[PDB]
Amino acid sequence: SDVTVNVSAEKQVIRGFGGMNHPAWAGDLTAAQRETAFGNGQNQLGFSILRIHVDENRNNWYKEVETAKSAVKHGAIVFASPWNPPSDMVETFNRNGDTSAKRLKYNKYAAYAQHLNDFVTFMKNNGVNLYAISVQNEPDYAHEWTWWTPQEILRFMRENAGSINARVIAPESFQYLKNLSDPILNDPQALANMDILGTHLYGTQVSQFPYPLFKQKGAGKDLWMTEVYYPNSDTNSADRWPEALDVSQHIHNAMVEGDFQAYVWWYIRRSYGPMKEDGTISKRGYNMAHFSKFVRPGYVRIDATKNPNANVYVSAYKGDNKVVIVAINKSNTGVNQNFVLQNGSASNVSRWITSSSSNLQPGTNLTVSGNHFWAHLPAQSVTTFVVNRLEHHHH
């Protein structure tokens, strides 16, 4: 019942939260949008990770710059994800009685790597140092891009990933299918060439969110959730309540059962995304803000009773002499929840609340009496708490 938050029990170090931009596919973000996405002011998402795509055709690369730049100016990091290598690098092969399936040609592996590097360079030349670049987007769901089998990816990791002058994301499975990435963890050599394990969660059940292999072999390595939308992509859904609570608990789980350090959503602007086509922040977006604006890059998740009451779900982070808590209630019934702070101390507590008729609405300040506080989590809401740790280290 009691949520106890162990300030001492550090888990993963967060890199950020964010969305995808794709100007050719969804139209660029606009100046104003750019900063609804990356500003952290009132009514901005404070996204601190932008994802952009590496376009097979290098004379489109420039499409990416203005928005990257914005992100980079706001202190967000940016990584890039290739869908297809340059068309002349690709052969049609037979995937289960499928005359049509495409793949990188076995002997373009180094050309492909150059192409990646070129992109990383081009961005650099336009004032944008990519944080990371991915080998392939959903290589295991390539019906309409480039297929790569686990062993194909394994070689590129072994023989090519090493070249790329940027951190290397792989292998971006559409659904976190571990067959596509074990080959890498289990190969101390491919493992050397990897910097971030990256996946999507499309249709991945909570039970598949954990990954012992990685926990075993991936020390020094990053875990990112580089793509999902959830719970659906129903055109014009981004304001449904209580539906959008789901986006919230989804991230909850990403963070907690998954130890993902980053959570990247699909299109940022989109009738079904965090920011609606009118420029405006959606309920889904609000569910996203509750993390993205308070759990700043470099914060660290910590142990905290995750599921203290029916439909109540909880996660905690620390940074900046703060502990940020995220408490989600999914009953039609508001609940009094008590919070214990173990191995740390707090002066005071601030909070914001998204419900059916409220987004990121400032709530009532609280003072930490014992080493605990109580707070009511309204029916179908997500509350986020910023606790202020005590000071005498002159800060």
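When you see a residue number, it is the position in the sequence shown, counting from 1.
- Between 85 to 93 and 72 to 80, the higher mean Cα B-factor belongs to 85 to 93.
- As listed in the deposited structure, the average C-alpha B-factor of 10 to 18 and of 383 to 391 is greater for 383 to 391.
- Between the residues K306, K105, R269, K283, the entry's highest C-alpha temperature factor is the one at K105.
- Within the group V324, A113, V314, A132, the record's highest C-alpha temperature factor is found at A113.
- Among all modelled residues in this chain, the alpha-carbon of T226 has a temperature factor (C-alpha) in the lowest third.
- Sort the chain's modelled residues by C-alpha temperature factor and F38 lands in the middle third, per the entry.
- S181: CA B factor lies in the middle third for its chain, per the PDB record.
- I251 sits in the lowest third of its chain by CA B factor, as recorded in the PDB entry.
- Sorting the modelled residues of the chain by their CA temperature factor places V128 in the middle third.
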